[PDB]
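*Asks:* here is my input, please return the structure:
(one chain, ligands or ions: 1)
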Amino acid sequence: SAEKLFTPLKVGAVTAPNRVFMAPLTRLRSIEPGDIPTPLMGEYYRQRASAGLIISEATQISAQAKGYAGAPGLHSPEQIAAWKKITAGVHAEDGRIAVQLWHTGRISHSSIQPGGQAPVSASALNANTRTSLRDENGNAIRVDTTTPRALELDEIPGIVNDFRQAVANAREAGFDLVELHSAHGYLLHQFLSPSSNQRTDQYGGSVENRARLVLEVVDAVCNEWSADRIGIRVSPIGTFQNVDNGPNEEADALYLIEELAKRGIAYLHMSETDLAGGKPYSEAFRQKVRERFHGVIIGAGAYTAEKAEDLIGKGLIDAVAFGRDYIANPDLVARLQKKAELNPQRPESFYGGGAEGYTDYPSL
Ligand SMILES: Cc1cc2nc3c(=O)[nH]c(=O)nc-3n(C[C@H](O)[C@H](O)[C@H](O)COP(=O)(O)O)c2cc1C
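*Replies:* Numbering: from 1, shown residues only. I have put the structure below:
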């Protein structure tokens with residue numbers, strides 16, 4: 001039965017019937033060439049339409065944004081047409097779906113970049129990690145990331161415009177909301193972090209400069225559509241894919257959050273930890289965040305229904321986004337409400353492949 005996890009929540013322009021959200025989850029099952037969403041993906045999302053809100057897998061705002069083979073885009077006519085079918089399917093089941101838009105920046109490989117050139121970033125520093133590509137048989141594989149090229153100052157407006165255009169495409173595609181991916185070490189986060197950003201122009205140095213790009217993007221997308229259609233995901237505390245938030249992470253996080261609140265966007269999505277773990281958020285920090293962002297706050301990262309109820313009851317967050325539990329349980333809402341057991345997870349099929357480990361997790 002719980003208490004408040006199953007009560008409606010107004011999220012910007014839409015109203016969620018419950019606070020159990022589906023976190024954005026990269027599954028790398030899109031069609032190549034074209035990075036096109038598939039009917040299988042449409043079925044996967046439709047099965048999970050009872051979620052208070054479905055946040056889609058990270059989706060490219062442009063071809064340059066691509067960093068993983070199999071990840072979908074929302075920049076081409078064919079992609080837009082495919083996503084329209086997916087959102088329609090979710091809506092046919094009375095659900096709501098937001099598209100998470102990203103630019104992977106340095107977490108990419110030249111072989112999947114337009115023209116086969118080096119990927120771009122805030123500075124020319126290799127991520128020193130791996131990304132996922134596909135072999136000749138279409139199977140997912142890990143490959144060391146390519147050293148990026150630092151974006152030139154005159155190239156920045158183009159990046160902002162790519163986000164703006166992607167949001168315009170999202171609107172036509174039928175998405176209820178958009179979530180800017182400003183977390184986990186991808187492009188926006190590469191600029192926010194002092195460890196990945198060594199620029200000496202107005203986009204590097206101070207936190208004001210480091211947050212400049214993401215805020216210009218927020219302003220651009222709010223103008224393109226509406227602030228109440230814009231959400232943003234950040235992971236400002238801890239280290240993510242070799243991208244740490246710096247020696248003043250808490251302070252820098254609060255600066256950004258305060259700036260975001262000024263735009264009156266639909267929501268602030270906090271990814272609290274890397275899958276590898278991280279220091280838990282202090283109740284004091286949660287309080288500081290709460291008071292600086294007057295909109296919906298979504299908490300995520302190894303959450304349990306119990307933890308969600310606790311923090312929601314304390315008025316520190318408004319909803320919770322579950323990732324892996326949603327991969328394995330299409331009807332997670334019903335299971336949590338009924339206290340039913342959950343299907344076991346099969347990590348080996350999280351990335352790539354087909355229907356197995358994707359649409360074959362049964363509902364009650
Ligand atoms: C297979 C998989 C793919 C993910 N891809 C993304 C993604 O596309 N975008 C994102 O912001 N986080 C991504 N995440 C992080 C999840 O949104 C979520 O924050 C994380 O799984 C922790 O929550 P959980 O314990 O409920 O799974 C991914 C995690 C997993 C397990």
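
*Asks:* now for the host helix or strand of residue 221, which elements pack on it?
*Replies:* Mapping residue 221 onto the secondary structure by DSSP states H and E places it in helix 212-224. Packing partners of helix 212-224 (3 or more Cβ pairs under 8 Å, 6 or more residues apart in numbering; DSSP states H and E): helix 156-173, strand 177-182, helix 187-192, strand 230-234, helix 249-262. C-beta here means a position set from N, CA and C on the backbone, and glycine is covered the same way.

*Asks:* any chance of a markdown table for the ones you listed, columns distance to the ligand and mean neighbour count?
*Replies:* Shown next, in a markdown table, are the helices and strands packed on helix 212-224 (distance: least, Cβ to the nearest ligand atom, whole Å; neighbours: other Cβ atoms under 10 Å):
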| stretch | distance to the ligand | mean neighbour count |
| --- | --- | --- |
| helix 156-173 | 15 | 20 |
| strand 177-182 | 6 | 27 |
| helix 187-192 | 10 | 28 |
| strand 230-234 | 5 | 25 |
| helix 249-262 | 16 | 18 |
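
*Asks:* returning to that earlier point: for the helix holding residue 221, which positions count as buried?
*Replies:* Judged by neighbour count (16 or more other Cβ atoms under 10 Å), helix 212-224 contains these buried residues: 212-222, 224.

*Asks:* residues touching residue 56, list them.
*Replies:* 24, 45, 97-100, 175 (Cβ atoms under 8 Å, 6 or more residues apart in numbering).

*Asks:* in strands, which of those residues appear?
*Replies:* 97-100 (DSSP state E).

*Asks:* and of the helices and strands packed on helix 212-224, who's closest to residue 301?
*Replies:* In terms of Cβ to Cβ, the element of those nearest to residue 301 is strand 230-234, at 11.3 Å.

*Asks:* and the helix or strand just after that closest one, does that touch the ligand?
*Replies:* Per DSSP H and E, strand 230-234 leads on to strand 239-240 as the next helix or strand towards the C-terminus. No. Judged by Cβ under 6 Å from any ligand atom, strand 239-240 stays clear of the ligand, getting no closer than 9.6 Å.

*Asks:* also stretch 30-50?
*Replies:* No. Taking Cβ under 6 Å from any ligand atom as the criterion, stretch 30-50 and the ligand are apart, separated by no less than 12.1 Å.

*Asks:* any idea how far stretch 292-299 is from the chain center?
*Replies:* 16 Å (Cα atoms, centre = their mean, to the nearest Å).

*Asks:* so which bits of it are buried?
*Replies:* Of the residues in stretch 292-299, 292-293, 295-299 count as buried by neighbour count, 16+ other Cβ under 10 Å.

*Asks:* tell me which parts of this structure are close to the ligand?
*Replies:* Residues of the chain lying near the ligand (Cβ under 6 Å from any ligand atom): 23-26, 57-58, 100, 181, 183-184, 233, 271, 300-303, 322-325, 350.
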